[PDB]
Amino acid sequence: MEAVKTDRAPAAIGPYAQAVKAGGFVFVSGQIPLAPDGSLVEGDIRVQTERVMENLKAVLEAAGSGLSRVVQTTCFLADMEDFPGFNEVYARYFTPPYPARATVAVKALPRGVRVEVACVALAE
């Protein structure tokens, strides 16, 4: 497997890679609303989701892929009431044909953020 590393997304501090290229796919770690400089982006679901989308885009690009190549996303929210806003921003980055998706609300996410999104995309 090949690890993907880019400064355009929050650095991977720990036992994980921003993304891994393997078997024709790109497995992207769950992105949170953290700026590449390590600053946490707070605010409503729309502002936080925008940062998550930018991180995903940045990692996918560094992997030689892109948003249009994403085939599956796994989305976690901390509040069911944030679904509408999340979907609106999500739709600003992902356009038809859309990826397959699974979304759920959980107790908490890394650093207390409102949203975390991981994905799988086609390589190349």
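The first residue of the shown sequence is 1; numbering continues from there.
Mean CA temperature factor from the deposited coordinates, higher in 22-30 or in 92-100?
So the stretch with the higher mean C-alpha B-factor is 92-100.
Averaging the C-alpha B factors as listed in the entry, name the stretch that ends up higher: 76-84 or 47-55.
It is 76-84.
Quick check on the deposited entry: does the C-alpha B-factor of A17 sit in the lowest, middle or highest third of its chain?
Its C-alpha B-factor belongs to the middle third of this chain's values.
Relative to the other modelled residues of the same chain, rank the CA B-factor of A108 and answer lowest, middle or highest third.
Ranked within chain, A108 CA B lands in the middle tercile.
In terms of the chain's CA B-factor thirds, is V71 lowest, middle or highest?
Lowest third, going by the recorded CA B-factors of the chain.
What third of the chain does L122 rank in for C-alpha temperature factor, lowest, middle or highest?
As the PDB entry reports it, the C-alpha B-factor of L122 lands in the middle third of its chain.
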